[PDB]
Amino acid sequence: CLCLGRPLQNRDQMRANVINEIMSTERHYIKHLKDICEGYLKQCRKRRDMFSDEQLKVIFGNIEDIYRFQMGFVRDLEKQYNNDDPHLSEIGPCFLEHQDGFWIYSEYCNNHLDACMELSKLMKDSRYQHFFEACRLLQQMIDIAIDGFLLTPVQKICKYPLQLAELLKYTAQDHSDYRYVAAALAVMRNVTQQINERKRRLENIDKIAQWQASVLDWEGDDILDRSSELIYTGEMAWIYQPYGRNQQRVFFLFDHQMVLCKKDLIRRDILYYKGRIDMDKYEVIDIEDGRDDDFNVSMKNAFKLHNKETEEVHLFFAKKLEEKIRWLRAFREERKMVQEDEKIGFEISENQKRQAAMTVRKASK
């Protein structure tokens, strides 16, 4: 070789460096949580003439519950730290055994922008500017205002995958931690993706009401009666019944139900309601290329939806192979989302429906 590179620390030392960074960023993080709870929240709760209950809940949300989680998470990390040989520390299991607890960050992220809205309002008023500056000076925090500090849980829940990836990159395949770190990485990526996705879902309720309002000749109940997420959409041909006519339709898969519409022949942005399939009652049979039994057609890129209890059956045809596959995933995906939801009791709120539906009466009727 040639040795033209600059000084880099060896792989075990880099692992020791990362472990130390993890411990140290967790202690600094909990110090920020404590400074929020002791320096701001406790002082605000004392001044009942300046902050109502509702203002406290809006501005601080569950920060105190995050502080509490983090006390436990830090104690457990520290117990795994190996003083003799830091690089031998095994922290993968700490993340794995606390994984459900990270779900409190979902509520924090969903309500953060309301927090920002309220604080901005209060910061117009010099009574509160001075109060908040006072809290910050007495808790001895750096000169970032309270809105910055309230962003730290959001940044934190997004930093763990990165830290665990860096730990993995310096961990040999035979380390007692390798497979635990790899699983912890996967688990924490999933926590964050699921927080992002739950947030999207709540923000898009509005859009589902608006979309439904733009579709002409709607029949039957609002989509938000049973569903709260568009999973997939595109264009397929289908046959409703054996020997029936093949119609081209645009299908919209939500959790629990698939709506079908027809585009206007001229005005391609205009959709006409044409019905819906109750996905709770339908299994997806994957059909193989060739020729179909009465039914009695021929087939390229095809699958079937059988009714569980009846003999009812519908044939679908995508154009490309790429598209048959994408739809089969979207069907596994809606079964998956339905199981997880009923398991967790994820309802869509009553006032959430009233908010979404109020948006429709803004753009007339």
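Start at 1 with the first residue shown and count on from there.
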Entry-level comparison of average CA B-factors, 132-140 and 170-178, reporting the higher stretch: 170-178
Segment of higher mean CA temperature factor, 238-246 or 185-193: 238-246
Out of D53, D49, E26, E334, highest CA B-factor residue: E334
Per the PDB entry, maximal CA B factor within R326, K57, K34, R45: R326
Third of the chain, ranked by Cα B-factor, where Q355 sits: highest
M279 by Cα B-factor - lowest, middle or highest third of the modelled chain: highest
Third assignment of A165 from its chain's C-alpha B-factors: lowest
Chain third (lowest, middle, highest) by recorded CA B-factor, residue given as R198: lowest
Lowest, middle or highest third - CA B-factor, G101: lowest
